[PDB]
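Taking it in order: structure first as structure tokens, then the write-up.
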Amino acid sequence: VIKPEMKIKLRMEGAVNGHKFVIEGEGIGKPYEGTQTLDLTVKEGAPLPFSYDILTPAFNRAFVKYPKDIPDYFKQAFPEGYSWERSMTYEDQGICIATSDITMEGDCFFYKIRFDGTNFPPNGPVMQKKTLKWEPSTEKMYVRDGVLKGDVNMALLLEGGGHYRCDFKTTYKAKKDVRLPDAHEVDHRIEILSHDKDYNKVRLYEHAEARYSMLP
């Protein structure tokens, strides 16, 4: 059902510290190799006054290299699809909430993404654009109340040297009942490959792989 090469089509609509925006995206990836690239274009609210880095993990857990000994909730969830709900709590009280509804027609995945953020200090690294990139991370996947969840301790590298912390809590929900996996981990590496001066056009890439915790 999930093809070796899958195209991506998306629209993100939201607001950060009251600044409304719309970003549409087109891309391609290799679900089985857990790699993807998106070409993102700002359609409304240009120029964005907050760091682009906060948005990137909202722009598909179907793009993960899953070992055969771990059930793949995301690929199994199709053709029907799945949705996700996420809260992103920053160390300085900035907070974002995002939802994504993921569908698929032929060889293309479609996402309708809603993204809202608030309480970012005007002099913080988000609003002042002091974020360089996200550190690679490990998402701990687990089941609660018969539903797939993912927690991740995220960190944005800052100009100057330090880290700026964010806690991600995602809830994943397939459109049909599908085999739920046992607790595992997804390693991630998200990077902006290129961008124009005000991030009106962004080339975004993610490489991710599933595995069990390497503790016996």
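Mind checking which of 109, 63, 120 is farthest towards the positive end of the chain's charge dipole, using Cβ charges of +1 (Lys, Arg) and -1 (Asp, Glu) about the Cα centre?
Working it through, the farthest residue towards the positive pole turns out to be 109.
Mind checking the dipole of segment 152-216: about its Cα centre, +1 per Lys or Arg Cβ, -1 per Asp or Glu Cβ, Debye to the nearest 20?
Taking the Cα centre of segment 152-216 as origin, the dipole is about 320 debye.
Would you calculate the separation in nanometres between label points at residue 143 and residue 108, each defined as 7 Å from the Cα along the Cα-to-beta-carbon direction?
Rounded to a tenth, the inter-label distance reads 3.5 nm.
Just want the answer: with Cβ charges of +1 for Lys and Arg and -1 for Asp and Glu, which residue in 188, 161, 178 is farthest toward the dipole's positive end in segment 132-216?
My answer, from the dipole projection, is 178.
Need the full-extension length gain, residue 116 to residue 165, defined as separation in residues times 0.36 nm minus the C-alpha distance. One decimal, nm.
Between residue 116 and residue 165, full extension yields an extra 15.8 nm.
May I ask for the distance between the Cα centers of segment 79-105 and segment 24-42, given as a whole number of Å?
17
For a quick check: sort 213, 83 by the number of other beta carbons within 10 angstrom, fewest at the front.
So the ranking, lowest neighbour count to highest, is 213, 83.
So what is Rg over Rh here for the chain, counting just Cα atoms and using Kirkwood for Rh?
Looking at the chain, the ratio lands at 0.95.
Take the alpha carbon gyration tensor of segment 115-156, find the square roots of its eigenvalues, order them as a ≥ b ≥ c, and report rounded if a/c is under 1.5; if not, report prolate when a/b exceeds b/c, else oblate.
oblate
Run the simple label-point estimate for residue 33 and residue 123 please: 7 Å along Cα→C-beta, distance reported in nm.
With each label placed 7 Å out from Cα toward Cβ, I get 4.8 nm.
Nearest 500 deg cm²/dmol is fine: what mean residue ellipticity at 222 nm does the chain get from its DSSP H runs of n ≥ 4 alone, each adding -39,500 (n - 2.57), divided by its residue count?
Helices in the chain give a 222 nm mean residue ellipticity of -500 deg cm²/dmol.
Based on Cα positions only, what radius of gyration and what Dmax would you give for segment 1-84, in angstroms?
15.0, 46
Which value, in Å³ per residue, describes the convex hull spanned by the Cα atoms of segment 54-112?
107
Let me spell out the model: positive unit charges on the Cβ of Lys and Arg, negative unit charges on the Cβ of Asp and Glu, origin at the Cα centre of the chain. What dipole size does that give, in debye rounded to 20?
About 240 debye.
Laboratory data are not the source of any read-out in this text; all were calculated from the coordinates shown. Every residue, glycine among them, receives a Cβ derived from its backbone with ideal geometry; neighbour counts consider all protein chains shown.
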